[PDB]
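In the form deposited in one PDB entry, a lone chain appears below as C-alpha coordinates.
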(Lines give C-alpha, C1' and ligand atoms only; values in the text may rest on other atoms or scores of the structure.)
Protein backbone atom coordinates (compact mmCIF):
# COMPACT_ATOMS: atom_id res chain seq x y z
CA UNK A 1 0.00 0.00 0.00
CA UNK A 2 2.43 2.71 1.27
CA UNK A 3 6.22 2.29 1.22
CA UNK A 4 8.82 3.05 3.96
CA UNK A 5 11.53 5.15 2.25
CA UNK A 6 10.76 8.90 2.42
CA UNK A 7 12.29 12.07 0.94
CA UNK A 8 11.76 15.63 -0.37
CA UNK A 9 10.27 14.32 -3.62
CA UNK A 10 10.10 11.08 -5.64
CA UNK A 11 13.60 11.53 -7.13
CA UNK A 12 15.12 11.73 -3.65
CA UNK A 13 13.17 8.56 -2.84
CA UNK A 14 14.60 6.85 -5.95
CA UNK A 15 18.11 8.00 -4.93
CA UNK A 16 17.72 6.10 -1.65
CA UNK A 17 17.04 2.68 -3.16
CA UNK A 18 13.31 2.40 -3.97
CA UNK A 19 12.59 0.79 -7.35
CA UNK A 20 8.84 0.27 -7.21
CA UNK A 21 6.23 2.77 -8.45
CA UNK A 22 3.58 3.25 -5.79
CA UNK A 23 2.54 5.35 -2.83
CA UNK A 24 5.17 7.11 -0.70
CA UNK A 25 5.38 9.82 1.92
CA UNK A 26 7.43 12.91 1.03
CA UNK A 27 8.06 16.12 2.97
CA UNK A 28 9.24 19.19 0.95
CA UNK A 29 11.45 21.84 2.60
CA UNK A 30 8.63 24.17 3.67
CA UNK A 31 5.96 21.50 4.19
CA UNK A 32 5.10 21.44 7.87
CA UNK A 33 3.63 17.94 7.58
CA UNK A 34 4.43 14.95 5.36
CA UNK A 35 1.88 13.94 2.73
CA UNK A 36 1.18 10.98 0.47
CA UNK A 37 2.07 11.03 -3.26
CA UNK A 38 2.28 8.59 -6.15
CA UNK A 39 5.84 8.06 -7.38
CA UNK A 40 6.55 6.70 -10.81
CA UNK A 41 9.98 5.00 -10.74
CA UNK A 42 11.48 3.66 -13.97
CA UNK A 43 14.33 1.31 -14.78
CA UNK A 44 16.93 4.08 -14.89
CA UNK A 45 16.47 5.41 -11.37
CA UNK A 46 14.23 8.28 -12.49
CA UNK A 47 11.58 9.07 -9.88
CA UNK A 48 8.67 11.19 -11.15
CA UNK A 49 6.25 12.87 -8.75
CA UNK A 50 2.73 12.69 -10.27
CA UNK A 51 0.33 15.57 -9.48
CA UNK A 52 -2.55 15.06 -11.97
CA UNK A 53 -3.99 11.96 -13.62
CA UNK A 54 -7.08 11.47 -15.88
CA UNK A 55 -8.04 8.04 -17.25
CA UNK A 56 -11.74 7.09 -17.04
CA UNK A 57 -14.04 9.98 -16.08
CA UNK A 58 -14.59 8.76 -12.50
CA UNK A 59 -13.95 12.20 -10.91
CA UNK A 60 -15.67 15.53 -11.64
CA UNK A 61 -13.03 18.27 -12.12
CA UNK A 62 -15.48 21.10 -11.49
CA UNK A 63 -14.29 21.84 -7.97
CA UNK A 64 -13.93 25.14 -6.12
CA UNK A 65 -10.86 27.11 -4.97
CA UNK A 66 -10.29 25.31 -1.67
CA UNK A 67 -10.74 21.85 -3.27
CA UNK A 68 -8.17 22.59 -5.99
CA UNK A 69 -5.89 24.04 -3.31
CA UNK A 70 -6.15 21.03 -0.98
CA UNK A 71 -6.48 18.27 -3.60
CA UNK A 72 -9.21 15.80 -4.54
CA UNK A 73 -9.64 12.39 -6.18
CA UNK A 74 -8.11 9.08 -5.12
CA UNK A 75 -4.53 7.84 -4.75
CA UNK A 76 -3.98 4.19 -5.64
CA UNK A 77 -0.97 1.90 -5.19
CA UNK A 78 -1.65 0.64 -8.73
CA UNK A 79 -1.88 4.14 -10.25
CA UNK A 80 -5.28 3.50 -11.79
CA UNK A 81 -7.20 6.39 -10.19
CA UNK A 82 -7.88 10.06 -11.07
CA UNK A 83 -6.81 12.92 -8.80
CA UNK A 84 -5.46 16.49 -8.50
CA UNK A 85 -2.72 16.59 -5.85
CA UNK A 86 -3.59 20.10 -4.76
CA UNK A 87 -2.13 23.51 -5.65
CA UNK A 88 -0.52 24.09 -2.24
CA UNK A 89 1.37 20.77 -2.46
CA UNK A 90 2.38 21.43 -6.07
CA UNK A 91 3.71 24.81 -4.89
CA UNK A 92 5.79 23.34 -2.01
CA UNK A 93 7.41 20.70 -4.20
CA UNK A 94 8.20 22.83 -7.28
CA UNK A 95 9.78 25.71 -5.34
CA UNK A 96 11.85 23.96 -2.62
CA UNK A 97 15.48 25.13 -2.44
CA UNK A 98 15.35 26.75 -5.89
CA UNK A 99 15.81 23.25 -7.28
CA UNK A 100 15.11 23.36 -11.02
CA UNK A 101 12.22 21.00 -11.93
CA UNK A 102 11.03 19.85 -15.35
CA UNK A 103 7.32 19.28 -16.07
CA UNK A 104 6.31 16.44 -18.36
CA UNK A 105 2.79 16.36 -19.82
CA UNK A 106 1.96 12.84 -21.06
CA UNK A 107 -1.12 12.37 -23.23
CA UNK A 108 -2.89 9.30 -24.56
CA UNK A 109 -5.13 8.95 -27.61
CA UNK A 110 -8.30 6.87 -27.95
CA UNK A 111 -6.22 5.06 -30.63
CA UNK A 112 -3.38 3.97 -28.34
CA UNK A 113 -0.89 6.73 -29.33
CA UNK A 114 0.95 8.45 -26.47
CA UNK A 115 2.81 11.80 -26.71
CA UNK A 116 4.73 14.16 -24.40
CA UNK A 117 5.73 17.81 -24.00
CA UNK A 118 8.42 18.86 -21.49
CA UNK A 119 8.89 22.24 -19.82
CA UNK A 120 12.18 23.30 -18.20
CA UNK A 121 12.27 25.12 -14.83
CA UNK A 122 8.59 24.62 -13.97
CA UNK A 123 7.23 26.41 -10.87
CA UNK A 124 3.89 27.14 -9.20
CA UNK A 125 3.69 30.28 -7.06
CA UNK A 126 2.06 30.77 -3.63
CA UNK A 127 -1.62 31.38 -2.88
CA UNK A 128 -0.94 35.08 -2.39
CA UNK A 129 -0.07 35.14 -6.11
CA UNK A 130 -2.99 32.81 -6.98
CA UNK A 131 -0.71 29.82 -7.69
CA UNK A 132 0.75 31.35 -10.85
CA UNK A 133 2.35 29.05 -13.43
CA UNK A 134 5.84 29.94 -14.78
CA UNK A 135 8.46 28.08 -16.83
CA UNK A 136 11.69 29.05 -18.58
CA UNK A 137 11.30 27.36 -21.94
CA UNK A 138 9.67 24.45 -23.81
CA UNK A 139 12.15 21.56 -23.75
CA UNK A 140 10.63 19.50 -26.57
CA UNK A 141 8.22 16.66 -27.16
CA UNK A 142 5.92 15.33 -29.84
CA UNK A 143 2.76 16.79 -28.27
CA UNK A 144 3.99 20.26 -29.20
CA UNK A 145 4.06 23.47 -27.16
CA UNK A 146 0.39 24.30 -26.41
CA UNK A 147 1.35 26.47 -23.43
CA UNK A 148 2.87 28.96 -25.89
CA UNK A 149 -0.64 29.67 -27.21
CA UNK A 150 -2.38 28.80 -30.46
CA UNK A 151 -3.89 30.61 -33.42
CA UNK A 152 -7.33 29.03 -33.68
CA UNK A 153 -8.48 31.53 -36.29
CA UNK A 154 -11.30 32.96 -34.18
CA UNK A 155 -9.64 36.35 -33.55
CA UNK A 156 -6.37 37.85 -34.86
CA UNK A 157 -4.94 37.94 -31.30
CA UNK A 158 -5.68 34.23 -30.65
CA UNK A 159 -2.09 33.33 -29.74
CA UNK A 160 -1.87 36.20 -27.26
CA UNK A 161 -5.18 35.06 -25.77
CA UNK A 162 -4.31 31.33 -25.45
CA UNK A 163 -0.76 31.22 -24.01
CA UNK A 164 -0.36 29.97 -20.42
CA UNK A 165 3.06 31.11 -19.13
CA UNK A 166 2.52 33.64 -16.37
CA UNK A 167 -1.17 32.85 -15.90
CA UNK A 168 -2.74 32.74 -12.45
CA UNK A 169 -5.00 29.83 -11.43
CA UNK A 170 -8.80 30.08 -11.77
CA UNK A 171 -11.86 28.12 -10.54
CA UNK A 172 -15.53 29.14 -11.07
CA UNK A 173 -15.61 30.86 -7.64
CA UNK A 174 -12.22 32.62 -8.01
CA UNK A 175 -11.80 34.23 -11.41
CA UNK A 176 -8.25 35.40 -12.16
CA UNK A 177 -8.16 34.98 -15.93
CA UNK A 178 -7.75 37.61 -18.66
CA UNK A 179 -11.34 37.21 -19.93
CA UNK A 180 -14.32 39.56 -19.49
CA UNK A 181 -16.34 36.44 -18.70
CA UNK A 182 -15.41 33.49 -16.48
CA UNK A 183 -13.38 30.83 -18.32
CA UNK A 184 -13.41 28.35 -15.40
CA UNK A 185 -17.18 28.64 -14.97
CA UNK A 186 -18.05 28.36 -18.65
CA UNK A 187 -15.82 25.30 -18.97
CA UNK A 188 -16.54 23.87 -15.52
CA UNK A 189 -13.00 23.31 -14.20
CA UNK A 190 -9.90 24.69 -12.47
CA UNK A 191 -6.91 25.76 -14.59
CA UNK A 192 -4.34 28.48 -15.52
CA UNK A 193 -6.80 30.32 -17.77
CA UNK A 194 -5.94 33.22 -20.11
CA UNK A 195 -8.72 34.46 -22.44
CA UNK A 196 -9.21 30.83 -21.91
CA UNK A 197 -6.88 28.17 -23.41
CA UNK A 198 -4.80 26.23 -25.95
CA UNK A 199 -3.85 23.43 -23.51
CA UNK A 200 -6.48 22.37 -20.94
CA UNK A 201 -6.19 19.00 -19.18
CA UNK A 202 -8.87 19.49 -16.52
CA UNK A 203 -11.83 19.63 -18.94
CA UNK A 204 -14.90 17.42 -19.44
CA UNK A 205 -14.22 13.74 -20.15
CA UNK A 206 -15.90 13.02 -23.52
CA UNK A 207 -16.06 9.33 -24.25
CA UNK A 208 -14.63 8.41 -27.64
CA UNK A 209 -12.52 11.55 -27.96
CA UNK A 210 -14.39 13.26 -30.80
CA UNK A 211 -17.05 15.83 -29.86
CA UNK A 212 -18.50 18.99 -31.43
CA UNK A 213 -20.08 22.39 -31.02
CA UNK A 214 -23.37 20.45 -31.01
CA UNK A 215 -22.40 18.31 -27.96
CA UNK A 216 -22.88 21.23 -25.60
CA UNK A 217 -25.83 23.71 -25.48
CA UNK A 218 -23.49 26.74 -25.85
CA UNK A 219 -20.96 24.87 -27.99
CA UNK A 220 -17.91 25.38 -25.76
CA UNK A 221 -14.69 23.54 -26.54
CA UNK A 222 -14.47 22.39 -22.90
CA UNK A 223 -12.93 18.91 -23.33
CA UNK A 224 -9.45 17.66 -22.37
CA UNK A 225 -7.48 19.39 -25.17
CA UNK A 226 -3.91 20.03 -26.32
CA UNK A 227 -4.22 22.09 -29.51
CA UNK A 228 -0.74 21.38 -30.85
CA UNK A 229 -1.42 17.61 -31.02
CA UNK A 230 -5.13 17.26 -31.72
CA UNK A 231 -8.05 19.45 -32.73
CA UNK A 232 -9.90 21.45 -30.07
CA UNK A 233 -12.78 19.05 -30.84
CA UNK A 234 -10.85 16.00 -29.65
CA UNK A 235 -10.80 15.01 -26.00
CA UNK A 236 -7.90 12.93 -24.58
CA UNK A 237 -8.24 9.36 -23.21
CA UNK A 238 -5.62 9.81 -20.46
CA UNK A 239 -3.36 12.58 -19.20
CA UNK A 240 -0.48 12.65 -16.71
CA UNK A 241 1.26 15.73 -15.30
CA UNK A 242 4.49 14.94 -13.44
CA UNK A 243 7.67 16.62 -12.24
CA UNK A 244 11.33 15.56 -11.83
CA UNK A 245 14.59 17.50 -11.16
CA UNK A 246 15.75 19.04 -14.46
CA UNK A 247 19.08 17.23 -14.49
CA UNK A 248 17.16 13.96 -14.95
CA UNK A 249 16.46 14.69 -18.66
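What we label the rigid core is the largest C-alpha set whose atoms superpose within 1.5 Å from one form to the other. Positions refer to the first chain, counted from 1.
Greater C-alpha displacement in 7 other deposited structures of this protein (rigid core superposition, RMS over structures and residues), of 34 to 42 versus 210 to 218: 210 to 218.
Here the stretch with the larger average CA B-factor, out of 64 to 72 and 218 to 226, is 218 to 226. Of the two segments examined, 186 to 194 and 24 to 32, it is 24 to 32 that shows the higher average Cα temperature factor in the deposited entry. Taking the PDB entry at face value, the top CA B factor among 106, 142, 175, 148 belongs to 142. Each of 47, 199, 208, 203 has a CA temperature factor in the record; the biggest one is found at 208. Remark: residue 81 belongs to the lowest third of its chain, ranked by C-alpha B-factor as recorded. Among the modelled residues of its chain, residue 94 has a C-alpha B-factor that falls in the lowest third, as given in the PDB entry. Among the modelled residues of the chain, residue 100 sits in the middle third by CA temperature factor in this PDB entry.
Placement of the Cα temperature factor of residue 242 within the chain: lowest third of the modelled residues, per the deposited record. Residue 135 sits in the lowest third of its chain by CA B factor, as recorded in the PDB entry.
Here the subject shifts to the form deposited with a partner chain bound, a form of this protein not shown in this document.
Although the partner is absent here, residue 171 sits far enough away that none of its heavy atoms falls within 4.5 Å of its partner chain in the entry with it bound. Shown alone here, residue 94 lies farther than 4.5 Å from its partner chain in the entry with it bound, counting heavy atoms only. Contact annotation: residue 175 falls outside 4.5 Å of its partner chain in the entry with it bound, judged by heavy atom distances. The closest non-hydrogen atom of residue 238 lies beyond 4.5 Å of its partner chain in the entry with it bound.
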